[PDB]
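# Coordinates in review
Letter by letter, the chains look like this.
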Amino acid sequence: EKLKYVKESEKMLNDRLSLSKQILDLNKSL
Amino acid sequence: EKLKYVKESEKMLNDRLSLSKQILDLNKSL
Amino acid sequence: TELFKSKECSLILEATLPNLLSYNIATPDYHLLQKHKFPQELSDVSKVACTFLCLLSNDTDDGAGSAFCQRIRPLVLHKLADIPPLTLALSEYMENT
Amino acid sequence: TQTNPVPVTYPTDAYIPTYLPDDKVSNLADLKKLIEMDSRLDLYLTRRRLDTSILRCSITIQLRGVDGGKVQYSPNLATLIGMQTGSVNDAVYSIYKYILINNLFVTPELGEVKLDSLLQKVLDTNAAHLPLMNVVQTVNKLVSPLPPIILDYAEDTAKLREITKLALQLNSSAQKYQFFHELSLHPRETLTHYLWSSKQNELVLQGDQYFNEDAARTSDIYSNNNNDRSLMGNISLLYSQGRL
Amino acid sequence: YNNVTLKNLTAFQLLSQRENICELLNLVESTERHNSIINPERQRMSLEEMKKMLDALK
């Protein structure tokens, strides 16, 4: 269970960092 | 803790579903 | 495969081996940051534990070492976030995940 | 805790004799089974206790719930993570994991990092190589505290002591058994051993008798005591060395 | 009394050595140092406590 929680939380934090990188693609067009 | 870890993993899956709905909002924001 | 064989000898290093890394090191605490209302060094056992872990990381072909080292890196990464000598240390284990 | 173990005066975990005959007792191996039972159970409890954590005036009011659980981020550091106000350690962990994803260390070689556009905007720097110590040190500066509401306009030690004392009583009984057992095996060379060793012990205990308070102030040490032979023979040696 | 000395170790060895040769001739009783350590009512109380632990663990 501790493996299955961490392997999802790290992917969620990676998705949040990818969205934070994609916010720059909307800020550079304005 | 065995119950609490599964209870938090389901909340992380619901947060992943909310992030997928945010992606679906970004698909119609353009 | 001899060391990571039994059910009581291969589970001590699941928790003690990250614990010996941040040993006798003034880690930045958070209780004083939660109750308002950096070390720059290492220890004697820390370099030995880092060298042992980096030589343990050389287990290729996904044997008894590479299956062990994948369950320890999300806990060692919590300790590398606080101690900046642990960025200079553990060089090969980060390259071999 | 300390680096070295604490020196104590009381004994702890004394030995168990193995020279006792097992045909009559048949319990020392069972006591060893109890000792290894206690060691395995204490091993599991120690591993569990280690794994369990690893004029218009303004109105200002100092609130009661001012805590360090949610501490405010700068707007430069907030857009690099994504969260508004999460924690104080999750920000440092997210910045370190973001650098580890970007692979800015190497493709010192690990201290100095490659400054990206966001890493220069959040730090107000212009250098190409900068150490991770100075990266992490500015994080305490870039995080601001939460603003208030502003409205303008035991028994185990004594038990182990009792077990150790009873084991010392067992050691005394075992040594007193072994002495009579060796005296039963051989009666000859242990009584001459007694008549030698007890005589030497009486000579050692009778070796400090001429150095008392009222015995040294009198004159029945130096005068006419040539049978003593301990002193009054080194006066030709101590005078040649200057000790007087 | 926390530390031992040369005279203390020699006197300890001598008192532990005289009492062994004192029991062969049987000129000393040495029964108060026997009964107070054996204590047969404490031994049968120990057996009753082990039987009570058997009854509690079954």
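Deposited coordinates in this entry are attributed by the record to cryo-EM, at a stated resolution of 7.13 Å.

As recorded in the PDB entry, chain D goes by Chromatin structure-remodeling complex protein RSC6 and comes from Saccharomyces cerevisiae. This entry carries the title "The ClassA RSC-Nucleosome Complex". Under the UniProt heading Subcellular location, the entry covering chain D gives this text: "Nucleus". The record held by UniProt for chain D lists under Sequence similarities the comment "To yeast SNF12."

This brings us to the overall build of chain A. When helices and strands are counted, chain A shows one helix and zero strands. Projected onto its principal axes, the C-alpha positions of chain A cover 45 × 5 × 5 Å. Split into buried and exposed, the 30 residues of chain A put 17% on the buried side. With an accessible surface of roughly 2,400 Å², chain A has 57% of that area assigned to carbon and sulfur atoms. Each charge class in chain A was averaged separately, 7 positive and 5 negative side chains, and the resulting centres sit 3 Å apart.

Applying the stated criterion across every chain yields a total of three aromatic pairs over all chains. Judged by centre distance (4.4 Å) and plane angle (35 degrees), the rings of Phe4 of chain C and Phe68 of chain C are tilted. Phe4 of chain C gets classed as buried once you look at its relative accessible area, which sits at 17%. Judged by relative accessible area, which is 4%, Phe68 of chain C ranks as buried. For the ring pair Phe179 of chain D and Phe180 of chain D, a centre distance of 6.2 Å and an interplane angle of 85 degrees mean the geometry is edge-to-face. Owing to a relative accessible area of 28%, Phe179 of chain D belongs among the partly exposed residues under this scheme. The ring of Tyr10 of chain D is capped by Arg161 of chain D, whose NZ or CZ atom sits 4.5 Å from the centre of that ring.

So, on to the environment of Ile149 of chain D. All names here are of chain D. For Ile149, the location among the structural elements is in strand β6 (residues 149–151). Exposure remark for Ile149: the relative accessible area of 52% places this residue in the exposed category. Along the primary structure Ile149 and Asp124 are separated by 25 residues, whereas in three dimensions their C-alpha atoms are 30 Å apart. Contacts of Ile149, omitting those with residues within four sequence positions, involve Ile59, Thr60, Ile61 and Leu63.

A word on a negative patch on the surface. Taken together, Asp38, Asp42, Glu155 and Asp156 of chain D make up a surface patch of like negative charges. Of all the elements in the fold, those that place two or more residues in the negative patch are α1 (28–51) and α7 (155–185) of chain D.

This part is about the side chain of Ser74 of chain D. All names here are of chain D. As for its position among the elements, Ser74 is in the loop between β2 (72–73) and α2 (75–81). Using a relative accessible area of 15% as the deciding quantity, one classes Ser74 as buried. Side-chain polar atoms of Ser74 contact the backbone nitrogen of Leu77, separated by 3.2 Å.

Moving on: the packing of helix α8 (residues 191–205) of chain D against helix α1 (residues 6–22) of chain E. Look at α8 of chain D against α1 of chain E: their axes get within 10 Å of each other, and the N-to-C directions meet at 145 degrees. Viewed along their axes, α8 of chain D and α1 of chain E form a crossing whose handedness is left-handed. Residues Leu191, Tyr194, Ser197, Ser198, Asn201, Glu202, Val204 and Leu205 of chain D of α8 of chain D touch α1 of chain E, and the partners they reach there are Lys7, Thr10, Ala11, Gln13, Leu14, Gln17, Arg18 and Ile21 of chain E. Per-class residue counts for the contact of α8 of chain D with α1 of chain E are seven nonpolar, six polar and three charged.

Parameters at a glance
- Residues numbered from 1 in each chain as written, not as in the entry; some residues may be left out.
- Chains lettered and ligands numbered in written order.
- Part of a larger assembly, values for the part shown.
- Heavy atoms only, no water.
- UniProt positions renumbered as here; feature names shortened; annotations may be inferred.
- Helix = DSSP H or I, 4+ residues; strand = E, 2+ residues; numbered from the N terminus.
- Buried < 20%, exposed > 50% of the residue type's maximum accessible area, 1.4 Å probe, protein only.
- Areas by Shrake-Rupley, 256 points an atom, 1.4 Å probe, with all protein chains shown as cover.
- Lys, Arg positive; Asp, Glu negative; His and termini not counted.
- Charge placed at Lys NZ, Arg CZ, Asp CG, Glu CD.
- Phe/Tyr/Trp six-rings, centres within 6.5 Å; stacked < 30°, edge-to-face > 60°.
- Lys NZ or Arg CZ within 6 Å of the ring centre and 35° of its normal.
- Contact = heavy atoms within 4.5 Å.
- Patch = residues over 30% accessible without salt bridge, like charges linked within 9 Å, V, L, I, M, F, W, Y side chains within 5 Å.
- Salt bridge = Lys/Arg side-chain N within 4 Å of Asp/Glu carboxyl O.
- Polar contact = N/O pair within 3.5 Å; in protein donor to acceptor, adjacent residues only side chain to side chain.
- Axes fitted to C-alpha atoms, helices over the stretch in contact; angles between N-to-C directions.
- Left-handed = near helix turned anticlockwise from the far one by under 90°.
- Nonpolar A, V, L, I, M, F, W, Y, C, P; charged D, E, K, R; others polar.

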